[PDB]
Amino acid sequence: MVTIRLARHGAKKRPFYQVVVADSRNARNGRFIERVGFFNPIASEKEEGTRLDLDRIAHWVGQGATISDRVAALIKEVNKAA
Amino acid sequence: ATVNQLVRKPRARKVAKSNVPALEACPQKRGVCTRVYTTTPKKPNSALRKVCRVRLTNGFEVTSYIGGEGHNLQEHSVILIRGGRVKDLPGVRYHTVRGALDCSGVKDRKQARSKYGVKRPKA
Amino acid sequence: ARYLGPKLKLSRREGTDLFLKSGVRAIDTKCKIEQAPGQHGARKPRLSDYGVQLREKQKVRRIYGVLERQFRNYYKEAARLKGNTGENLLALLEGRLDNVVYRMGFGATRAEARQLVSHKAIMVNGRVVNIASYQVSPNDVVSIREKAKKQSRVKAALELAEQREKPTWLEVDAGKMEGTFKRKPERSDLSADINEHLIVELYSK
Amino acid sequence: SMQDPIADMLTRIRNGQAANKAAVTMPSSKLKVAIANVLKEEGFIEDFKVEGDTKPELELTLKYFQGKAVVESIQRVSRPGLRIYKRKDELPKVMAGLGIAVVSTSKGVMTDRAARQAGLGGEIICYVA
Amino acid sequence: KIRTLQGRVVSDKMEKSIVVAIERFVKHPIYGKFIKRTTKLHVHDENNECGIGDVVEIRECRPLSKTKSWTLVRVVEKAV
Amino acid sequence: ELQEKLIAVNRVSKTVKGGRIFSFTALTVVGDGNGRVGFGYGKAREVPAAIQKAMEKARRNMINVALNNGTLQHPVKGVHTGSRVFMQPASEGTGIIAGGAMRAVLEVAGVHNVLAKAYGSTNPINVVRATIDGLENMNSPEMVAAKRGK
RNA sequence: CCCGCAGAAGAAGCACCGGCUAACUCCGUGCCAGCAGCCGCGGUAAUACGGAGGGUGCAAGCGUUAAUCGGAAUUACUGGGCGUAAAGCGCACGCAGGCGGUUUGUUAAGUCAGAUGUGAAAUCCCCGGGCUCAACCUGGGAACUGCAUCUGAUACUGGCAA
RNA sequence: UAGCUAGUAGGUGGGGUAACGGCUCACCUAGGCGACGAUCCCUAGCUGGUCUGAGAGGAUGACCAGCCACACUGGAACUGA
Ligand SMILES: [Mg+2]
Ligand SMILES: [Mg+2]
Ligand SMILES: [Mg+2]
Ligand SMILES: [Mg+2]
Ligand SMILES: [Mg+2]
Ligand SMILES: [Mg+2]
Ligand SMILES: [Mg+2]
Ligand SMILES: [Mg+2]
Ligand SMILES: [Mg+2]
Ligand SMILES: [Mg+2]
Ligand SMILES: [Mg+2]
Ligand SMILES: [Mg+2]
Ligand SMILES: [Mg+2]
Ligand SMILES: [Mg+2]
Ligand SMILES: [Mg+2]
Ligand SMILES: [Mg+2]
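Chains as they are written, first to last, in the entry's author numbering: chain AP, 1 to 82; chain AL, 2 to 124; chain AD, 2 to 206; chain AH, 2 to 130; chain AQ, 4 to 83; chain AE, 10 to 159.
The structure is reproduced here in C-alpha cells:
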C-alpha cells in the first residue's frame with residue numbers, strides 16, 4: 001500500500017527530510033509518487049521548519065495511503081488550521 | 002563536400018594511436034629486467050645511455066630508460082616504468098621510476114630529488 | 002596557508018609599498034625598497050606582457066595575503082556576478098573580514114588584523130567570527146571582543162589608522178572599538194595604482 | 002542547369018551590380034516578383050518591371066548611392082540541395098539588424114522585421130545587406 | 004479516430020496479409036537536409052479489397068498476429 | 010591620446026658573397042581611441058631604427074571606423090592572405106577579448122568590448138590588417154539608411 | 001558550541017628559472033657524465049648537465065605518469081579543401097538515388113501558428129534561507145532547446161490534376 | 001559480410017494464457033524481410049545526466065535517482081497476489 005513518509009536527504013549530522021508519497025516497498029530515498037512537504041528538524045527558531053501541503057496528504061489518505069509515525073506527529077503538530 | 006555526400010558517409014574523426022602502450026591507460030607498469038643494455042644516441046648527440054629491456058606484468062616486452070647518474074639495476078631486477086620517450090634513443094618510449102621497487106634513487110642528488118627518487122637528506 | 006616569509010621582499014619585487022610592515026615608519030626606505038629584490042634585482046626586467054600581467058595580480062595578492070587557490074575562486078565569483086568582472090573582484094577582496102579589520106584600524110597591518118580574527122578577538126552582529134575570509138556585508142557591525150580590549154596592539158592600531166587616508170564606506174568608533182560596514186566600496190574608493198583589467202586578462206585565456 | 006533560379010536572380014543582381022550595370026533582366030515568375038518587391042520596398046533596388054506575357058521578363062533597376070552599389074551582399078540560404086526553415090523565435094537577423102533576410106511564410110514572402118512582427122516564420126530564402 | 008495513417012499499398016498479394024508503405028520527410032538531425040524515411044506496416048483487411056498501388060487510411064488496433072496491430076479504415080484511389 | 014603599440018618585431022636574412030646580412034622588422038599600430046587606426050611596417054638594419062620607421066608609416070596610412078559607442082554595430086569578418094578573422098559586438102560583458110595582436114588594433118582603435126578570434130595563419134602582418142580592413146568595410150549603422158532611405 | 005590553563009610553544013614542503021614561460025650567477029664537467037613537453041642543450045668562460053647562492057611559481061601539498069575535451073576551422077553542420085602543396089575516377093553511357101523551367105487549380109505530408117498534455121526527482125542556472133565562513137545543506141523559480149494530440153495558416157517544398 | 005527466412009508471412013479452426021497474439025497445433029494461402037543496410041560479424045547494459053566546448057559539438061555513463069538484466073555455470077519448474 002502507498003504511504004507518506006520521510007526521505008532523509010539531510011547531510012551527515014544535519015538531517016533534512018523530504019516528505020513523500022510512494023510505494024511503501026521502495027527504498028527510503030527511492031522512487032516516489034509525488035512530494036508533499038519537507039521537515040527540517042534543525043529548523044532553528046528563526047523562521048521556517050515544517051512546510052506541508054496538507055490538501056494533498058488529504059487526497060492520498062483519502063485514496064488509502066497510510067502515514068508514518070513521525071509524519072503523523074508533524075500533521076498533529078502543524079496543528080492543522082492555524 | 003556535398004550535403005548528400007556527408008549524409009551517406011558522415012565526417013569521421015581519426016582515432017588516437019597512443020605513444021605508450023603502458024597497456025590500458027595505466028599510470029605506470031611493473032616489469033622484470035630482461036637485459037640491462039647501454040646504447041648510443043641518434044645523429045647530433047653522442048653518449049652511453051643506460052636502458053633496460055623489460056618484461057611487463059602484462060606481457061609486453063619494452064625497452065625503458067634509466068634516468069639519473071648511476072644506477073644499480075641488473076637482470077631480474079623488478080622495476081616500475083612510466084610514460085616518457087627519449088628522442089636520441091629512437092625506440093625508447095618509457096622511463097623507469099627511480100626509487101621504486103628494486104630501483105634505487107640517484108645517489109647524492111640535491112636538486113629535483115623527487116624526480117630521481119631521493120629522500121630529503123638529513124639536513 | 003599563510004605566506005609567512007620575509008614580507009618587505011614582496012613589496013620590493015612588486016615595486017611599491019603593499020603596507021605589510023604597515024606599522025610605524027612610512028614611505029619605506031629603512032629597508033632598501035626597489036633596486037635589488039634579489040641578487041640580480043639591480044637588473045632591468047624588460048618583461049613580456051605575460052610578466053606585467055602576472056605581477057599585477059601577484060601584487061594584489063601579496064596585498065590581501067591571499068594564496069592562489071582562494072584568489073582564483075574570488076576571480077570566478079567576481080566573473081559570475083554581474084557587473085565589471087574586475088571591479089567585482091576588487092569588491093570581493095574588500096568584503097574580506099580580516100581586511101575590514103585592518104581597515105577599521107583595529108590592526109596595524111592586515112596580517113595583524115587577521116591574527117586578531119583567528120584569535121577570536123572580533124564579533125560581527127554580536128557573535129565571534131574567527132575566520133579571516135568571513136565576507137562582511139552592508140550594515141554589518143564588527144566590534145572587538147571586550148575580553149582583550151584596549152590591549153597593546155589595538156591601541157596603536159586604532160592610532161595611525163587615522164594617519165591613513167581613512168575609509169568612507171565604513172563608520173567606526175574607537176572607544177568601544179566597534180564600527181559599521183556601511184556600504185560596498187565603489188571603484189572610485191581605493192585603487193589608482195591597481196589594474197584589474199590585467200588580472201582579469203591573466204585569468205581570461 | 003536552371004535548377005535554382007532564385008540564386009540566379011540573387012546572382013544576376015550581385016553581378017550586374019559589381020558591373021555597375023544600370024538595369025538587369027531575366028525570366029520571371031510569381032516568386033521572383035514577390036522578392037523583387039521586398040527588395041524595392043526595402044530600398045535595395047530602384048524599381049522592378051515585368052514586360053511580357055507568354056514569356057514574362059522581370060526587370061530590376063539597380064541603385065548606387067555614394068559610388069558604391071546599394072546591395073553590399075546578397076546570398077542564398079535555403080536552396081534545393083538543402084532547405085532552411087526557421088520558426089518565429091528562431092528567425093535570423095542580418096548585420097545585427099541593418100540589412101534584412103527574406104523569408105517566405107504561410108502569409109507570403111516578407112522580410113524578417115516583417116515575419117517577426119507577423120509572429121510567424123517560414124523558409125528563409127536569402128540574406129541581403 | 005485517435006490518429007490515422009495514409010500511405011500507399013505496395014503489397015496486396017496475400018490473404019489479408021496487406022502491407023502498407025508510409026512516407027515522411029524528415030530533417031536530417033545533423034546535416035539539416037530533408038530526406039525520405041519510409042515505414043512499412045502490416046495491416047489487416049478482412050475480405051481482401053485493396054490492391055497494389057491503392058492509397059489507404061489506417062488505424063492502430065490490438066495485435067491481430069505477431070506482426071499486425073493495424074486494420075484499414077478506408078480506401079483512396081486505385082489503378083495507379 | 011597619442012596611444013601606440015608595437016605588435017611584432019622580427020629578424021630576417023639577405024645572403025651575399027660575404028654571408029648573411031641580417032636586419033629587423035617592426036609591425037605597429039596607432040589609434041586615437043575614438044575611431045581612426047593605422048598600421049605601419051618599416052624595416053631597418055637595427056631594432057629601434059625599424060620600430061621608429063614603423064610608427065611613422067602608421068601615422069599616415071590611417072583609416073577611420075564607424076564605431077557605435079565603445080563597440081561595433083554588426084559582427085564583422087575580415088581576411089587578408091592566410092589570415093581570416095572574425096569579431097563580434099558583444100553587448101560588453103567587460104569585453105576586449107582577442108588574440109593580443111588584434112587586441113592591439115582593437116584596443117587603440119577605441120573599441121572597448123568585443124570578442125574576436127583569428128583563423129587561418131596567425132601571421133601578424135596579415136591579421137592586424139585583415140582586422141583593419143575588417144573594421145573599415147564595416148558600414149555605418151544608419152548610413153545604411155543613407156544607402157537606402159530611397 | 002562555551003569557559004579557564006601553559007607557552008611561539010607541537011606544526012613547510014615540492015617543482016621550476018635557454019626560448020615557448022614568471023625567475024641568473026658562480027663552481028665543477030668537457031659530444032663525457034648527463035638533460036630534454038617542443039625547439040634543442042654538453043668538445044674549457046654551459047643562465048639548458050651536477051652542485052651552490054640567489055630568484056620565480058605553488059603550499060599541506062608539489063611534481064611525474066596516465067586519461068577526456070580544449071586550443072584543432074586538424075572530419076570544417078555551424079566551419080575547410082582537390083591547376084602547381086594531401087586530393088578530379090584515363091574516357092564515356094546509364095539504373096537506383098539527389099536535384100529540377102513556367103502557369104493555374106486542388107492536397108496539406110514537409111514547413112509555419114496556436115492550444116493542450118507530457119518532458120520523474122536530483123543536477124545545472126537565478127533570487128533567497130541554514131551550518132562562525134566556505135565547501136556542504138535547503139525554499140522557490142527558471143530551465144529541460146524534446147515529444148505527442150488537436151485546430152488552424154498555404155508563400156516555399158512534396159503529392160494529384162490540367 | 002548482399003542476400004536473409006518452414007512456424008518462416010498471412011488465413012481458418014482447436015488448444016492455450018490473467019490477457020491480445022504463430023503463443024501452440026492442424027489444415028490452407030505463399031508469403032515475410034532486405035542497400036531507408038536485412039543476414040552475418042565485432043563491440044556494448046540504457047537513461048536522467050557527467051566532463052569539456054562561446055556554441056555546435058566531442059567524450060563519457062563511478063559515486064545520487066529511474067529502467068533492464070544477472071545471483072557458482074547450464075537447464076527446469078514448484079510454491080505463491
Ligand atoms: Mg587549502
Ligand atoms: Mg623570462
Ligand atoms: Mg631539469
Ligand atoms: Mg664552467
Ligand atoms: Mg573541432
Ligand atoms: Mg585545409
Ligand atoms: Mg598533388
Ligand atoms: Mg580527367
Ligand atoms: Mg518554380
Ligand atoms: Mg527535472
Ligand atoms: Mg549564510
Ligand atoms: Mg504545389
Ligand atoms: Mg486462433
Ligand atoms: Mg571550439
Ligand atoms: Mg539459474
Ligand atoms: Mg501458480
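Here a beta-carbon is modelled for each residue, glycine too, at the ideal position from N, C-alpha and C.
Asked: Tell me which residues of the segment 44-72 of chain AH have at least one Cβ-Cβ distance to chain AE shorter than 7 Å, keeping chain order.; Found: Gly44, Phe45, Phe66, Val71
Asked: Taking only beta-carbon atoms, is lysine 36/AQ less than 9 Å away from chain AH?; Found: yes
Asked: At a Cβ threshold of 9 Å, is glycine 52/AD touching chain AE?; Found: no
Asked: Between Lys52/AE, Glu151/AE, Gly49/AE, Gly119/AE, which lies nearest to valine 74/AE when the distance is taken from Cα to Cα?; Found: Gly119/AE
Asked: Does the Cβ of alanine 2/AD lie closer than 8 Å to at least one heavy atom of ligand 1?; Found: yes
Asked: So, is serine 79/AH buried or exposed, given that buried needs 16 or more other C-beta atoms within 10 angstroms?; Found: buried
Asked: When the Cα atoms are used, what is the spatial distance from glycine 108/AE to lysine 60/AD?; Found: 25 Å
Asked: Which term fits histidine 41/AD, buried or exposed, when burial requires 16 or more other beta carbons within 10 angstroms of its beta carbon?; Found: exposed
Asked: Could you check whether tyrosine 128/AE and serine 92/AE sit closer than 9 Å to each other, using their CB atoms as the reference points?; Found: yes
Asked: Measuring CA to CA, which of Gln116/AD, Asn140/AD, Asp141/AD is closest to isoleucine 132/AD?; Found: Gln116/AD
Asked: Pick helix, strand or coil for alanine 79/AD, following the three-state DSSP scheme.; Found: helix
Asked: Could you tell me whether the Cβ of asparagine 122/AE comes closer than 9 Å to any Cβ of chain AH?; Found: no
Asked: Taking the alpha carbon of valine 155/AD as the point to measure from, which residue in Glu179/AD, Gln136/AD, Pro168/AD, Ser138/AD has its own alpha carbon closest?; Found: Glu179/AD
Asked: For the candidate residues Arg70/AP, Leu52/AP, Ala65/AP, whose alpha-carbon lies nearest to that of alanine 82/AP?; Found: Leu52/AP
Asked: Consider the C-beta atom of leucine 55/AD and the heavy atoms of ligand 2; say whether any pair is separated by less than 8 Å.; Found: no
Asked: Answer with yes or no whether the minimum CB distance from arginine 157/AE to chain AH is below 9 Å.; Found: yes
Asked: Are the segment 8-23 of chain AH and the segment 196-206 of chain AD in contact at 8 Å, needing three or more beta carbon pairs?; Found: no
Asked: Ignore the nearest five residues each way along the sequence and tell me which others in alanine 101/AL's own chain have a CB closer than 6 Å to its CB.; Found: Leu81
Asked: Using DSSP with H/G/I as helix, E/B as strand and the rest coil, what is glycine 100/AL?; Found: coil
Asked: Under the rule that 16 or more other beta-carbon atoms within 10 Å means buried, what is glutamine 4/AH, buried or exposed?; Found: exposed
Asked: May I ask you to verify whether the segment 18-30 of chain AQ touches the segment 104-124 of chain AH, counting CB pairs closer than 8 Å and requiring at least 3?; Found: no
Asked: Is the segment 62-77 of chain AL touching the segment 104-111 of chain AL, taking contact as three or more C-beta pairs under 8 Å?; Found: yes
Asked: Do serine 149/AE and ligand 2 come close, with the Cβ less than 8 Å from some heavy atom?; Found: no
Asked: Could you tell me whether the Cβ atoms of residue 237/AE and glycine 51/AE are closer together than 9 Å?; Found: No statement about residue 237/AE is possible, as the shown extent of chain AE runs from 10 to 159 and does not include it.
Asked: Drop a sphere of 10 angstroms on the beta-carbon of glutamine 82/AE, count the other beta-carbons inside from all chains shown, and report buried for 16 or more, exposed for fewer.; Found: buried
Asked: Could you check whether the Cβ of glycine 123/AH sits closer than 9 Å to any Cβ belonging to chain AQ?; Found: no
Asked: With a threshold of 9 Å between beta-carbons, can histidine 31/AQ be considered close to chain AL, or not?; Found: yes
Asked: For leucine 83/AH, go through chain AQ and note every residue whose CB falls closer than 7 Å to its CB, in chain order.; Found: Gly35, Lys36
Asked: Does the distance between the C-beta of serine 49/AD and the nearest non-hydrogen atom of ligand 2 fall short of 8 Å?; Found: yes
Asked: Taking the straight line between their C-alpha atoms, what separation do you get for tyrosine 135/AD and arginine 188/AD?; Found: 21 Å
Asked: Residues of the segment 58-86 of chain AD with a CB closer than 7 Å to any CB of chain AE: list them in chain order, please.; Found: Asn85, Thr86
Asked: At a Cβ cut of 8 Å, what residues of the segment 77-96 of chain AE count as close to chain AH, listed as they run along the chain?; Found: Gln82, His83, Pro84
Asked: Please report the straight-line C-alpha distance between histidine 45/AQ and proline 81/AH, rounded to a whole angstrom.; Found: 34 Å
Asked: Along the alpha helix (DSSP H) that carries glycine 158/AE, what are the first and last residues, could you check?; Found: Taken as a continuous stretch (DSSP letters only), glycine 158/AE belongs to no alpha helix (DSSP H), as it is neither H nor E.
Asked: Note down the Cα distance separating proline 42/AL from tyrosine 66/AL, rounded to an integer number of angstroms.; Found: 12 Å
Asked: For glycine 40/AE versus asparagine 70/AE, is the C-beta distance shorter than 9 Å?; Found: no
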